[PDB]
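Coordinates as given in my_file16.txt (compact mmCIF, N, CA and C atoms):
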# COMPACT_ATOMS: atom_id res chain seq x y z
N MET A 1 63.69 -47.88 21.62
CA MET A 1 62.49 -47.01 21.50
C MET A 1 61.87 -46.90 22.89
N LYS A 2 62.02 -45.74 23.52
CA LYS A 2 61.46 -45.50 24.85
C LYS A 2 60.69 -44.19 24.86
N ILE A 3 59.55 -44.20 25.52
CA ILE A 3 58.67 -43.04 25.60
C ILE A 3 58.70 -42.52 27.02
N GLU A 4 59.13 -41.27 27.19
CA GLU A 4 59.26 -40.69 28.52
C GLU A 4 58.14 -39.74 28.96
N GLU A 5 57.60 -38.97 28.03
CA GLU A 5 56.54 -38.01 28.35
C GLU A 5 55.59 -37.87 27.16
N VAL A 6 54.30 -37.70 27.47
CA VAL A 6 53.30 -37.52 26.43
C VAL A 6 52.30 -36.48 26.91
N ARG A 7 52.18 -35.39 26.17
CA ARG A 7 51.22 -34.35 26.51
C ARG A 7 50.78 -33.69 25.22
N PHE A 8 49.72 -32.90 25.29
CA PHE A 8 49.23 -32.22 24.10
C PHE A 8 50.35 -31.36 23.50
N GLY A 9 50.64 -31.61 22.22
CA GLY A 9 51.65 -30.86 21.51
C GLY A 9 53.11 -31.20 21.77
N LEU A 10 53.38 -32.17 22.63
CA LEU A 10 54.76 -32.48 22.95
C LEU A 10 54.99 -33.88 23.48
N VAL A 11 55.84 -34.64 22.80
CA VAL A 11 56.16 -35.98 23.27
C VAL A 11 57.68 -36.11 23.41
N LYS A 12 58.12 -36.81 24.45
CA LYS A 12 59.55 -37.02 24.69
C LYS A 12 59.79 -38.51 24.44
N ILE A 13 60.56 -38.80 23.40
CA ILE A 13 60.85 -40.17 23.01
C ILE A 13 62.34 -40.29 22.73
N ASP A 14 62.96 -41.35 23.25
CA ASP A 14 64.40 -41.57 23.10
C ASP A 14 65.16 -40.38 23.69
N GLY A 15 64.51 -39.73 24.65
CA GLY A 15 65.11 -38.59 25.33
C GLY A 15 65.03 -37.26 24.62
N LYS A 16 64.44 -37.26 23.44
CA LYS A 16 64.31 -36.05 22.64
C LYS A 16 62.89 -35.51 22.66
N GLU A 17 62.74 -34.19 22.69
CA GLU A 17 61.43 -33.55 22.70
C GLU A 17 60.95 -33.25 21.29
N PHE A 18 59.77 -33.74 20.95
CA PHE A 18 59.18 -33.51 19.64
C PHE A 18 57.91 -32.68 19.83
N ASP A 19 57.91 -31.44 19.33
CA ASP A 19 56.75 -30.56 19.46
C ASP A 19 55.91 -30.58 18.19
N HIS A 20 55.96 -31.71 17.50
CA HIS A 20 55.27 -31.88 16.23
C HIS A 20 55.06 -33.37 15.97
N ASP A 21 54.28 -33.67 14.94
CA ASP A 21 53.98 -35.05 14.58
C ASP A 21 55.22 -35.81 14.13
N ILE A 22 55.23 -37.10 14.40
CA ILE A 22 56.36 -37.94 14.03
C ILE A 22 55.94 -39.31 13.53
N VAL A 23 56.88 -39.96 12.86
CA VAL A 23 56.72 -41.31 12.34
C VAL A 23 57.84 -42.12 12.98
N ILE A 24 57.48 -43.23 13.63
CA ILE A 24 58.45 -44.10 14.26
C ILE A 24 58.44 -45.39 13.43
N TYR A 25 59.56 -45.68 12.79
CA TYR A 25 59.70 -46.87 11.98
C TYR A 25 59.97 -48.11 12.83
N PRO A 26 59.72 -49.31 12.29
CA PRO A 26 59.94 -50.57 13.01
C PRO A 26 61.31 -50.69 13.67
N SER A 27 62.32 -50.13 13.01
CA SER A 27 63.70 -50.16 13.50
C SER A 27 63.93 -49.19 14.64
N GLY A 28 62.99 -48.29 14.88
CA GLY A 28 63.17 -47.32 15.93
C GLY A 28 63.62 -45.97 15.39
N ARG A 29 63.87 -45.90 14.08
CA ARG A 29 64.25 -44.63 13.48
C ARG A 29 63.04 -43.70 13.58
N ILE A 30 63.29 -42.43 13.86
CA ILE A 30 62.22 -41.45 13.98
C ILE A 30 62.39 -40.34 12.96
N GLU A 31 61.30 -39.98 12.29
CA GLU A 31 61.32 -38.89 11.31
C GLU A 31 60.11 -38.00 11.55
N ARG A 32 60.16 -36.78 11.02
CA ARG A 32 59.03 -35.89 11.17
C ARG A 32 57.91 -36.39 10.26
N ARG A 33 56.67 -36.19 10.68
CA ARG A 33 55.55 -36.58 9.85
C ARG A 33 55.39 -35.53 8.75
N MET A 34 55.27 -35.97 7.50
CA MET A 34 55.11 -35.02 6.40
C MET A 34 53.62 -34.77 6.21
N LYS A 35 53.01 -34.20 7.24
CA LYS A 35 51.59 -33.95 7.21
C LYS A 35 51.17 -32.98 6.12
N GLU A 36 52.11 -32.16 5.65
CA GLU A 36 51.79 -31.22 4.58
C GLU A 36 51.26 -31.97 3.35
N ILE A 37 51.64 -33.23 3.17
CA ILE A 37 51.18 -33.96 1.99
C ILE A 37 49.67 -34.16 1.99
N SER A 38 49.12 -34.52 3.15
CA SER A 38 47.69 -34.71 3.24
C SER A 38 46.98 -33.36 3.11
N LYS A 39 47.61 -32.29 3.61
CA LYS A 39 47.04 -30.94 3.53
C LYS A 39 46.90 -30.49 2.09
N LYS A 40 47.94 -30.74 1.30
CA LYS A 40 47.96 -30.34 -0.11
C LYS A 40 46.92 -31.04 -0.96
N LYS A 41 45.84 -31.50 -0.34
CA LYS A 41 44.78 -32.17 -1.07
C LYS A 41 43.45 -32.06 -0.34
N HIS A 42 43.49 -32.24 0.98
CA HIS A 42 42.28 -32.19 1.80
C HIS A 42 42.16 -30.92 2.65
N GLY A 43 43.00 -29.93 2.37
CA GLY A 43 42.95 -28.69 3.13
C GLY A 43 43.31 -28.89 4.59
N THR A 44 43.47 -30.15 4.99
CA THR A 44 43.83 -30.50 6.36
C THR A 44 44.38 -31.92 6.42
N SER A 45 45.32 -32.15 7.32
CA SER A 45 45.92 -33.47 7.48
C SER A 45 45.09 -34.31 8.43
N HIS A 46 43.93 -33.76 8.81
CA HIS A 46 42.97 -34.40 9.71
C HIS A 46 42.49 -35.71 9.09
N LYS A 47 42.77 -35.84 7.80
CA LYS A 47 42.42 -37.02 7.03
C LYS A 47 43.73 -37.44 6.38
N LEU A 48 44.41 -38.39 7.00
CA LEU A 48 45.69 -38.86 6.49
C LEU A 48 45.44 -39.60 5.18
N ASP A 49 45.95 -39.06 4.08
CA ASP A 49 45.66 -39.71 2.81
C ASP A 49 46.72 -40.68 2.31
N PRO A 50 46.37 -41.48 1.29
CA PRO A 50 47.34 -42.44 0.78
C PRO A 50 48.63 -41.88 0.23
N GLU A 51 48.59 -40.69 -0.36
CA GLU A 51 49.80 -40.09 -0.89
C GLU A 51 50.80 -39.87 0.24
N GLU A 52 50.30 -39.53 1.42
CA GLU A 52 51.19 -39.33 2.55
C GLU A 52 51.66 -40.68 3.11
N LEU A 53 50.72 -41.59 3.35
CA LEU A 53 51.07 -42.89 3.92
C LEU A 53 52.11 -43.66 3.10
N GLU A 54 52.02 -43.58 1.78
CA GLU A 54 52.96 -44.29 0.93
C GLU A 54 54.40 -43.88 1.19
N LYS A 55 54.61 -42.63 1.62
CA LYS A 55 55.97 -42.16 1.89
C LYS A 55 56.60 -42.87 3.09
N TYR A 56 55.77 -43.51 3.92
CA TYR A 56 56.28 -44.18 5.11
C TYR A 56 56.49 -45.67 4.91
N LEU A 57 56.23 -46.15 3.70
CA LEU A 57 56.43 -47.57 3.39
C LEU A 57 57.90 -47.73 2.99
N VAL A 58 58.74 -47.75 4.01
CA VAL A 58 60.20 -47.82 3.85
C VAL A 58 60.78 -49.10 4.43
N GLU A 59 60.25 -49.52 5.57
CA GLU A 59 60.67 -50.76 6.22
C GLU A 59 59.46 -51.67 6.27
N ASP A 60 59.70 -52.97 6.23
CA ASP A 60 58.63 -53.96 6.30
C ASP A 60 58.02 -53.87 7.71
N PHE A 61 56.71 -54.05 7.81
CA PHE A 61 56.05 -53.99 9.10
C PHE A 61 54.83 -54.89 9.14
N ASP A 62 54.42 -55.24 10.36
CA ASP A 62 53.27 -56.10 10.61
C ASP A 62 52.07 -55.29 11.06
N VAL A 63 52.38 -54.21 11.78
CA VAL A 63 51.36 -53.37 12.38
C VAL A 63 51.54 -51.90 12.06
N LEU A 64 50.45 -51.24 11.68
CA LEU A 64 50.46 -49.79 11.48
C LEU A 64 49.67 -49.27 12.68
N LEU A 65 50.34 -48.48 13.52
CA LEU A 65 49.71 -47.91 14.71
C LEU A 65 49.62 -46.40 14.53
N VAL A 66 48.41 -45.87 14.60
CA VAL A 66 48.22 -44.44 14.44
C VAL A 66 47.69 -43.79 15.71
N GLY A 67 48.44 -42.80 16.20
CA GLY A 67 48.04 -42.00 17.35
C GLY A 67 47.25 -40.89 16.67
N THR A 68 45.93 -40.94 16.84
CA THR A 68 45.01 -40.03 16.17
C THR A 68 44.84 -38.64 16.75
N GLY A 69 45.77 -38.24 17.60
CA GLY A 69 45.69 -36.96 18.26
C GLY A 69 45.27 -37.20 19.69
N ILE A 70 45.61 -36.28 20.58
CA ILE A 70 45.23 -36.41 21.98
C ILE A 70 43.71 -36.58 22.07
N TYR A 71 42.97 -35.91 21.18
CA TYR A 71 41.52 -35.99 21.19
C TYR A 71 40.92 -36.85 20.08
N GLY A 72 41.78 -37.64 19.44
CA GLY A 72 41.34 -38.55 18.39
C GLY A 72 40.68 -37.96 17.17
N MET A 73 41.09 -36.75 16.78
CA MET A 73 40.48 -36.10 15.64
C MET A 73 41.03 -36.45 14.26
N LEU A 74 42.15 -37.16 14.23
CA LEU A 74 42.74 -37.56 12.96
C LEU A 74 42.27 -38.96 12.59
N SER A 75 42.14 -39.24 11.31
CA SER A 75 41.77 -40.59 10.92
C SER A 75 42.33 -40.90 9.55
N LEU A 76 42.55 -42.19 9.29
CA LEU A 76 43.04 -42.65 8.00
C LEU A 76 41.89 -42.67 7.02
N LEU A 77 42.11 -42.15 5.81
CA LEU A 77 41.06 -42.18 4.81
C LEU A 77 40.90 -43.64 4.39
N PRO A 78 39.74 -43.99 3.81
CA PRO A 78 39.52 -45.37 3.38
C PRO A 78 40.61 -45.88 2.43
N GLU A 79 41.05 -45.01 1.52
CA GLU A 79 42.07 -45.35 0.54
C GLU A 79 43.41 -45.61 1.23
N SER A 80 43.64 -44.97 2.37
CA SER A 80 44.88 -45.19 3.11
C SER A 80 44.80 -46.57 3.75
N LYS A 81 43.64 -46.88 4.31
CA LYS A 81 43.45 -48.18 4.94
C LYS A 81 43.60 -49.29 3.91
N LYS A 82 43.17 -49.02 2.68
CA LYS A 82 43.27 -50.02 1.61
C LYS A 82 44.74 -50.35 1.33
N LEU A 83 45.59 -49.33 1.39
CA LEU A 83 47.01 -49.49 1.13
C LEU A 83 47.65 -50.49 2.10
N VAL A 84 47.13 -50.56 3.32
CA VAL A 84 47.66 -51.48 4.34
C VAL A 84 46.61 -52.48 4.83
N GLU A 85 45.70 -52.86 3.94
CA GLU A 85 44.64 -53.79 4.28
C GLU A 85 45.16 -55.18 4.68
N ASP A 86 46.40 -55.49 4.32
CA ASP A 86 46.99 -56.79 4.66
C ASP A 86 47.75 -56.74 5.99
N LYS A 87 47.68 -55.60 6.67
CA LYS A 87 48.38 -55.42 7.94
C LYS A 87 47.42 -55.28 9.12
N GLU A 88 47.96 -55.35 10.33
CA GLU A 88 47.17 -55.17 11.54
C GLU A 88 47.18 -53.64 11.68
N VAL A 89 46.01 -53.02 11.70
CA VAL A 89 45.92 -51.56 11.79
C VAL A 89 45.18 -51.10 13.03
N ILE A 90 45.86 -50.28 13.81
CA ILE A 90 45.33 -49.77 15.06
C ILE A 90 45.27 -48.25 15.05
N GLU A 91 44.12 -47.69 15.38
CA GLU A 91 43.95 -46.24 15.44
C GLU A 91 43.36 -45.89 16.79
N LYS A 92 44.13 -45.20 17.62
CA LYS A 92 43.68 -44.80 18.95
C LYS A 92 44.19 -43.41 19.31
N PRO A 93 43.47 -42.70 20.21
CA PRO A 93 43.92 -41.37 20.62
C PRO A 93 45.38 -41.52 21.06
N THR A 94 46.15 -40.47 20.86
CA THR A 94 47.57 -40.53 21.09
C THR A 94 48.17 -41.04 22.38
N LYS A 95 47.63 -40.65 23.53
CA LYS A 95 48.27 -41.16 24.74
C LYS A 95 48.07 -42.66 24.87
N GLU A 96 46.86 -43.14 24.58
CA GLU A 96 46.61 -44.58 24.64
C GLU A 96 47.45 -45.27 23.57
N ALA A 97 47.50 -44.69 22.38
CA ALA A 97 48.27 -45.29 21.30
C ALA A 97 49.75 -45.46 21.66
N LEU A 98 50.35 -44.45 22.28
CA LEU A 98 51.76 -44.55 22.66
C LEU A 98 51.97 -45.53 23.81
N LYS A 99 50.98 -45.64 24.69
CA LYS A 99 51.10 -46.59 25.78
C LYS A 99 51.04 -48.00 25.17
N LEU A 100 50.19 -48.20 24.17
CA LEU A 100 50.08 -49.49 23.51
C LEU A 100 51.35 -49.77 22.70
N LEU A 101 51.93 -48.74 22.09
CA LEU A 101 53.16 -48.92 21.32
C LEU A 101 54.25 -49.46 22.25
N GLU A 102 54.35 -48.87 23.44
CA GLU A 102 55.31 -49.31 24.43
C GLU A 102 55.07 -50.77 24.80
N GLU A 103 53.80 -51.13 24.98
CA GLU A 103 53.42 -52.48 25.36
C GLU A 103 53.77 -53.52 24.28
N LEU A 104 53.54 -53.17 23.02
CA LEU A 104 53.79 -54.09 21.91
C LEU A 104 55.21 -54.08 21.34
N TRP A 105 55.97 -53.04 21.63
CA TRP A 105 57.31 -52.95 21.07
C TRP A 105 58.21 -54.12 21.40
N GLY A 106 58.93 -54.59 20.39
CA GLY A 106 59.86 -55.68 20.62
C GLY A 106 59.49 -57.01 20.03
N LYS A 107 58.22 -57.19 19.68
CA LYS A 107 57.82 -58.44 19.08
C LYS A 107 57.47 -58.21 17.62
N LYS A 108 56.28 -57.70 17.36
CA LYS A 108 55.89 -57.44 15.99
C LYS A 108 56.61 -56.19 15.50
N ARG A 109 56.73 -56.07 14.18
CA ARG A 109 57.37 -54.92 13.58
C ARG A 109 56.28 -53.86 13.44
N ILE A 110 56.47 -52.75 14.13
CA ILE A 110 55.48 -51.70 14.14
C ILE A 110 55.90 -50.37 13.52
N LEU A 111 55.04 -49.88 12.63
CA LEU A 111 55.21 -48.57 11.99
C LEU A 111 54.18 -47.69 12.72
N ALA A 112 54.63 -46.60 13.33
CA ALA A 112 53.70 -45.73 14.05
C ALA A 112 53.68 -44.31 13.52
N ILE A 113 52.49 -43.75 13.37
CA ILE A 113 52.34 -42.36 12.92
C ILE A 113 51.66 -41.70 14.10
N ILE A 114 52.34 -40.71 14.67
CA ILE A 114 51.85 -40.04 15.86
C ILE A 114 51.47 -38.58 15.67
N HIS A 115 50.19 -38.28 15.87
CA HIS A 115 49.68 -36.93 15.76
C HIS A 115 49.63 -36.39 17.19
N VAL A 116 50.38 -35.33 17.45
CA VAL A 116 50.49 -34.79 18.79
C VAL A 116 49.50 -33.72 19.25
N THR A 117 48.67 -33.23 18.35
CA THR A 117 47.68 -32.23 18.74
C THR A 117 46.27 -32.85 18.78
N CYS A 118 45.24 -32.17 18.28
CA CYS A 118 43.88 -32.70 18.34
C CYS A 118 43.57 -34.05 17.73
Turn the structure described in the file into structure tokens.
Amino acid sequence: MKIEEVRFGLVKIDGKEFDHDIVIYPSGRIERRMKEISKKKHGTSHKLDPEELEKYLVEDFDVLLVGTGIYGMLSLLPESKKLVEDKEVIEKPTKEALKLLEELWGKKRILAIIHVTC
């Protein structure tokens, strides 16, 4: 898991360009973020809901790291936080969040949800 570039609307990770939100699993597997799930309830994914977060509970993890957008406009709903209340949960604007992901990678098992826009 290596991060090469981070800018509004576009991140380069593992050498691939992602012009949309992504989920990075503890194993390093990368999938697109199914943000439409949160939209289909809150009119916007600006509030990541539990129905969406549950879809990412695939691999065991110690830390849930959320890149809340370059401008930190995304946030986990209280019910989402409840789902992972037994985990270490970090929510930071995206560039800082990815820099921290790079710093922490390799020790704890980290599940990361990265919002690339606001």
- Message: With DSSP run on the backbone, what are the helix (DSSP H, G or I) residues within chain A? I'd like them as an MDAnalysis selection string.
- Response: chainID A and resid 36:42 50:56 78:83 94:104
Would you mind listing what lies within 5 Å of residue A:33 as a short mmCIF file (atom, residue, chain, number, x, y, z; two decimals) with N, CA and C atoms, in the frame of the given file, with all atoms listed in the file counted and same-chain residues fewer than 5 positions away left out?
data_model
loop_
_atom_site.label_atom_id
_atom_site.label_comp_id
_atom_site.auth_asym_id
_atom_site.auth_seq_id
_atom_site.Cartn_x
_atom_site.Cartn_y
_atom_site.Cartn_z
N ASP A 21 54.28 -33.67 14.94
CA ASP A 21 53.98 -35.05 14.58
C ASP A 21 55.22 -35.81 14.13
N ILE A 22 55.23 -37.10 14.40
CA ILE A 22 56.36 -37.94 14.03
C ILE A 22 55.94 -39.31 13.53
N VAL A 23 56.88 -39.96 12.86
CA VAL A 23 56.72 -41.31 12.34
C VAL A 23 57.84 -42.12 12.98
#
- Message: as a list in words, please: the residues near residue A:24 (cut-off 6 Å, all atoms listed in the file, same-chain neighbours under 6 positions excluded).
- Response: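 Here the qualifying residues turn out to be residues 30, 31, 110, 111, 112, 113 and 114 of chain A.
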How would the residues just chosen look if you wrote them out with N, CA and C atoms as a CSV table (one decimal), in the frame of the given file?
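For reference, part_20.csv as written:
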chain,number,residue,atom,x,y,z
A,30,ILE,N,63.3,-42.4,13.9
A,30,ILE,CA,62.2,-41.4,14.0
A,30,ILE,C,62.4,-40.3,13.0
A,31,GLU,N,61.3,-40.0,12.3
A,31,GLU,CA,61.3,-38.9,11.3
A,31,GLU,C,60.1,-38.0,11.6
A,110,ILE,N,56.5,-52.8,14.1
A,110,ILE,CA,55.5,-51.7,14.1
A,110,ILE,C,55.9,-50.4,13.5
A,111,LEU,N,55.0,-49.9,12.6
A,111,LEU,CA,55.2,-48.6,12.0
A,111,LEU,C,54.2,-47.7,12.7
A,112,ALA,N,54.6,-46.6,13.3
A,112,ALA,CA,53.7,-45.7,14.0
A,112,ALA,C,53.7,-44.3,13.5
A,113,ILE,N,52.5,-43.8,13.4
A,113,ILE,CA,52.3,-42.4,12.9
A,113,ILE,C,51.7,-41.7,14.1
A,114,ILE,N,52.3,-40.7,14.7
A,114,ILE,CA,51.8,-40.0,15.9
A,114,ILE,C,51.5,-38.6,15.7
- A:58, A:77, A:70, A:65: which is nearest residue A:95, counting only C-alpha atoms? A:70
- Message: Restricting the calculation to all atoms listed in the file: of A:102, A:52, A:36, A:91, which residue gets closest to residue A:68?
- Response: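 Nearest candidate to residue A:68 out of A:102, A:52, A:36, A:91: A:91.
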- Task: Using all atoms listed in the file, find all polymer residues with an atom at most 6 Å away from the point (60.3, -50.3, 10.4); report them as a list in words.
- Result: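 Neighbouring residues, ordered by chain and number, come to residues 25, 26, 27, 28, 59, 60, 61, 110 and 111 of chain A.
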- Identify, on the basis of only N, CA and C atoms, every residue whose closest approach to residue A:3 does not exceed 8 Å; exclude the query and any residue fewer than 4 positions from it along the same chain; express the result as a count of residues only. 7
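Between atom C of residue A:51 and atom CA of residue A:90 the interatomic distance comes to 18.6 Å.
Atom to atom, atom CA of residue A:56 and atom CA of residue A:79 stand 15.0 Å apart.
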- Task: Kindly give the distance, in Å, that separates atom CA of residue A:96 and atom N of residue A:63, rounded to a single decimal.
- Result: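 Atom-to-atom, atom CA of residue A:96 to atom N of residue A:63, that is 17.1 Å.
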Can you tell me which residues surround residue A:48 at a distance of at most 6.5 Å, considering only N, CA and C atoms, apart from same-chain residues fewer than 6 positions away, and format the answer as an mmCIF file with N, CA and C atoms, keeping the file's coordinate frame?
data_model
loop_
_atom_site.group_PDB
_atom_site.id
_atom_site.type_symbol
_atom_site.label_atom_id
_atom_site.label_comp_id
_atom_site.auth_asym_id
_atom_site.auth_seq_id
_atom_site.Cartn_x
_atom_site.Cartn_y
_atom_site.Cartn_z
ATOM 1 N N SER A 38 49.120 -34.520 3.150
ATOM 2 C CA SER A 38 47.690 -34.710 3.240
ATOM 3 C C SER A 38 46.980 -33.360 3.110
ATOM 4 N N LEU A 74 42.150 -37.160 14.230
ATOM 5 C CA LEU A 74 42.740 -37.560 12.960
ATOM 6 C C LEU A 74 42.270 -38.960 12.590
ATOM 7 N N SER A 75 42.140 -39.240 11.310
ATOM 8 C CA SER A 75 41.770 -40.590 10.920
ATOM 9 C C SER A 75 42.330 -40.900 9.550
ATOM 10 N N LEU A 76 42.550 -42.190 9.290
ATOM 11 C CA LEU A 76 43.040 -42.650 8.000
ATOM 12 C C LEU A 76 41.890 -42.670 7.020
ATOM 13 N N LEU A 77 42.110 -42.150 5.810
ATOM 14 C CA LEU A 77 41.060 -42.180 4.810
ATOM 15 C C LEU A 77 40.900 -43.640 4.390
ATOM 16 N N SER A 80 43.640 -44.970 2.370
ATOM 17 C CA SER A 80 44.880 -45.190 3.110
ATOM 18 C C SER A 80 44.800 -46.570 3.750
#
- Counting only C-alpha atoms, which of A:115, A:108, A:47, A:39 gets nearest to residue A:20? A:115
Output stretch 71-87 of chain A as a CSV table (one decimal), in the coordinates of the input, making sure N, CA, C and O atoms are there.
chain,number,residue,atom,x,y,z
A,71,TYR,N,43.0,-35.9,21.2
A,71,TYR,CA,41.5,-36.0,21.2
A,71,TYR,C,40.9,-36.8,20.1
A,71,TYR,O,39.7,-36.8,19.8
A,72,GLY,N,41.8,-37.6,19.4
A,72,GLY,CA,41.3,-38.6,18.4
A,72,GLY,C,40.7,-38.0,17.2
A,72,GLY,O,39.8,-38.6,16.5
A,73,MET,N,41.1,-36.8,16.8
A,73,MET,CA,40.5,-36.1,15.6
A,73,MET,C,41.0,-36.4,14.3
A,73,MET,O,40.4,-36.1,13.2
A,74,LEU,N,42.2,-37.2,14.2
A,74,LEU,CA,42.7,-37.6,13.0
A,74,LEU,C,42.3,-39.0,12.6
A,74,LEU,O,42.0,-39.8,13.5
A,75,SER,N,42.1,-39.2,11.3
A,75,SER,CA,41.8,-40.6,10.9
A,75,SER,C,42.3,-40.9,9.6
A,75,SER,O,42.6,-40.0,8.8
A,76,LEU,N,42.6,-42.2,9.3
A,76,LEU,CA,43.0,-42.6,8.0
A,76,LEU,C,41.9,-42.7,7.0
A,76,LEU,O,40.8,-43.1,7.3
A,77,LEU,N,42.1,-42.2,5.8
A,77,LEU,CA,41.1,-42.2,4.8
A,77,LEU,C,40.9,-43.6,4.4
A,77,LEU,O,41.8,-44.5,4.6
A,78,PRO,N,39.7,-44.0,3.8
A,78,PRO,CA,39.5,-45.4,3.4
A,78,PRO,C,40.6,-45.9,2.4
A,78,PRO,O,41.0,-47.0,2.5
A,79,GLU,N,41.0,-45.0,1.5
A,79,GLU,CA,42.1,-45.4,0.5
A,79,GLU,C,43.4,-45.6,1.2
A,79,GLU,O,44.2,-46.4,0.7
A,80,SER,N,43.6,-45.0,2.4
A,80,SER,CA,44.9,-45.2,3.1
A,80,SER,C,44.8,-46.6,3.8
A,80,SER,O,45.8,-47.3,3.7
A,81,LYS,N,43.6,-46.9,4.3
A,81,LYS,CA,43.4,-48.2,4.9
A,81,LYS,C,43.6,-49.3,3.9
A,81,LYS,O,44.1,-50.4,4.2
A,82,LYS,N,43.2,-49.0,2.7
A,82,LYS,CA,43.3,-50.0,1.6
A,82,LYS,C,44.7,-50.4,1.3
A,82,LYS,O,45.1,-51.5,1.1
A,83,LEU,N,45.6,-49.3,1.4
A,83,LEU,CA,47.0,-49.5,1.1
A,83,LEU,C,47.6,-50.5,2.1
A,83,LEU,O,48.6,-51.2,1.7
A,84,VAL,N,47.1,-50.6,3.3
A,84,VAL,CA,47.7,-51.5,4.3
A,84,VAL,C,46.6,-52.5,4.8
A,84,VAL,O,46.6,-52.9,6.0
A,85,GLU,N,45.7,-52.9,3.9
A,85,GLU,CA,44.6,-53.8,4.3
A,85,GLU,C,45.2,-55.2,4.7
A,85,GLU,O,44.5,-55.9,5.3
A,86,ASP,N,46.4,-55.5,4.3
A,86,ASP,CA,47.0,-56.8,4.7
A,86,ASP,C,47.8,-56.7,6.0
A,86,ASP,O,48.4,-57.7,6.4
A,87,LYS,N,47.7,-55.6,6.7
A,87,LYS,CA,48.4,-55.4,7.9
A,87,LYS,C,47.4,-55.3,9.1
A,87,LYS,O,46.2,-55.1,8.9
